[PDB]
C-alpha cells in the first residue's frame, strides 16, 4: 500500500522506544503522523495509532528534561493535543480493541496531566480509563491494577487521601487475585507437562517390541 512509507517509520519509532533513543522515536513518530494526517485528515481511523505513539513519545521526551522550562511545557501541550486526537479517533470506533486503545489514550492523558501539576484533570482521565477497562477486561487483568494505582497516586497528589487509600487497596486486591490465578495456571501447565512426558515414555518403550515383530515377520 502507499502508506507503507509511513508504516516503516512506525516501526523505526517503536524500535527506538525499546532502544531508549527518545528524540529519534519522537522524530519517527512525528514524520509518520504528518504523513498520515496529510493523506487522510486530522481525525481519520488511519491516524489513531500514529497520533497515539507520537503523543506517548512526546510525554517521555518531556520526562527526560527533568532555564529550559518552556521545553517540557511545550512538549506536554503537544503530547496532550496528539493524545486527545488519538482518544477521539479510538472512542469513535465500536470494537473492544479500539475502546481499550481509547482507555490507553486516557491513561496517557492522565499522565501528561500529572506532569503538569494538574491533578484534578489527572483524576478525571484515569477514571475515564478505568471505566472503559472495566467493561472489557477480566477482573484480574494487570491493567486494572495499574490504573487503580495511577488513580490512587493522582488522588494523593491532590490531598484526597481517603480516596487514594481506597484506590491503592483496589490495586492490591487485583494484584493478589491475579497472583492466585497465575498460580492455578502454573499448576495446570505443570500437570499437563507431566502427563505428556509420561505418555512419551510409554510410547518409547512400545517401539522396540513392534520393531521385533517386524523382524520376526520378515524372517517368516
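Residue numbers count along the first chain shown, from 1.
*asked:* Checking chain continuity here. Are there deposited residues lacking coordinates between residue 192 and residue 193, and if so is it 1 to 3, 4 to 9, or 10 or more (or none)?
replied: Nothing is missing between them.
*Entry-level comparison of average CA B-factors, 19-27 and 193-201, reporting the higher stretch*: Comparing 19-27 with 193-201, the higher mean C-alpha B-factor belongs to 19-27.
_Tell me which stretch has the larger mean Cα B-factor in this entry, 120-128 or 77-85._
In the deposited entry, the stretch with the higher C-alpha B-factor mean is 77-85.
*What's the residue among 67, 188, 176, 49 with the greatest CA temperature factor in the PDB record?*
Comparing C-alpha B-factors across 67, 188, 176, 49, the top value belongs to 67.
*State the tercile, meaning the lowest, middle or highest third, of residue 151 with respect to the CA B-factors recorded for its chain.*
Tercile = lowest for this residue's CA B-factor.
*residue 72's Cα B-factor: lowest, middle or highest third of the chain?*
Its C-alpha B-factor, which the entry lists for residue 72, ranks in the highest third among residues of this chain.
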